[PDB]
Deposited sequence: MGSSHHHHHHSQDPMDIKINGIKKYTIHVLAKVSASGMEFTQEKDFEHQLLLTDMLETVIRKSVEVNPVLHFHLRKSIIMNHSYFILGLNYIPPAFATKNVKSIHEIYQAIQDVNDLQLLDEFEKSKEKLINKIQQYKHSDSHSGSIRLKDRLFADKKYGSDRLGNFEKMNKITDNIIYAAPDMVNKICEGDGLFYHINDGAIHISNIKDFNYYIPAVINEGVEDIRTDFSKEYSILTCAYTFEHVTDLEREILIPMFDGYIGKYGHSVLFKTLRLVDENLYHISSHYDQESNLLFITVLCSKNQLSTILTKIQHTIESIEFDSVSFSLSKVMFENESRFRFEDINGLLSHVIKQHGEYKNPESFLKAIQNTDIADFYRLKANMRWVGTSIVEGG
């Protein structure tokens, strides 16, 4: 029996029920030395188990090794038709465990090459993403560890040289997925159920190489700037800074679009994992030095106002509402958020209660740390 039944009321009523287990790991993912191996076996396992479990009433089976605030978690999920609308009842968690333990080693070997190619492709696409490439380079140098940037989806060299004797580590993974302690989440009938209260403590890497310039030479240009924030609170990392990023980055006439239209393809993003705000824009080399100084001066002398701040609050609430619309966005939210933020109503209420004085605290704690150009 679960120690608790934390029922969060007032949830959108979905056509399906969800049953998910989240298994913790006190090691920051750089400490894991078999990281690339654990990824590959997890995908192999998910593919095989899916073929056995994704039958009526189960519509989708999910099994991933995911990173949440620089800690790795095994996340198992089950989407299914509720029994009132189903011609067959859903398997219990015990029976789901039994299907995972009944996975055949030959079934896993048949997926080894296909799963290895799938993960190899995800690493290359991630590292080669043109707009996303700049930010990867900064995190490698800002944190003096390429696991935070280039190797976040696995080191390519380690992943590429894995042979099929990884099959002998499958029992260890099956045991960790089935027997590792975790929290259970259950979405049904307009409510979310959590089996216990445990706010897994986040980890954010501290900056070491402050002030980074990354010169590059290659013809047909890109620029990426990074800032960090000091004394980041949960309210800031989850609400205020995302609002601030939208304020200056994408909410219509953002500060940067208006500022750079004077010169006359702008993007910005706050990475909650690394506590970094990135700003990337395509430009010409003749516009490079000007736009760099122009972007820097704009951020330095940034000001706010309550009318436009009220609009950012409305916009960011609606963006959160759109994520809650998706049963997977809701589940992901309730998994990741701490304490009362787990309730979407409380999270939305917390957005409505922010004031402009919070942005001025955030501006004082803001500081440039990096730059990359191609």
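When the deposited sequence is numbered from 1, the segments without any C-alpha atom are 1-11, 232-234, 279-282, 393-395.
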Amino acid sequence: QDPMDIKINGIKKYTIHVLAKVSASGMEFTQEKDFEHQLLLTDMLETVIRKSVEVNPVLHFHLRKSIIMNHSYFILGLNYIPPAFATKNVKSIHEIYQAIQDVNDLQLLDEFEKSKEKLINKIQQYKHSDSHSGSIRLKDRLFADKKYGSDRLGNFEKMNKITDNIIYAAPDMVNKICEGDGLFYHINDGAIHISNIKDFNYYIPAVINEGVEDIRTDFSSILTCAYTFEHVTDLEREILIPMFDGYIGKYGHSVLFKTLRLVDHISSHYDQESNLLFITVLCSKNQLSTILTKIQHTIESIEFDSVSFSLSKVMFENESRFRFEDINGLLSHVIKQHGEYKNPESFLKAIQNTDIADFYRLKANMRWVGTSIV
From here on, numbers count along this sequence of modelled residues.
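The stretch 52-60 shows the higher mean C-alpha B-factor when 326-334 is compared against 52-60 in the entry. When 292-300 is weighed against 228-236, 292-300 comes out higher, by mean CA B-factor as recorded in the entry. Residue-level inspection of the entry shows that, of 75, 93, 178, 222, 222 has the top Cα B-factor. Of the candidates 33, 349, 65, 342, the one whose C-alpha carries the top B factor in the deposited record is 33.
Sorting the modelled residues of the chain by their CA temperature factor places residue 159 in the middle third.
Split the chain's modelled residues into thirds by C-alpha temperature factor. Residue 110 is in the middle one.
For residue 69, the recorded CA temperature factor ranks within the middle third of the chain's modelled residues. In the PDB entry, residue 242 places in the lowest third of its chain by CA B-factor. Residue-level temperature factors show residue 98 in the middle third of its chain, judged at the C-alpha atom.
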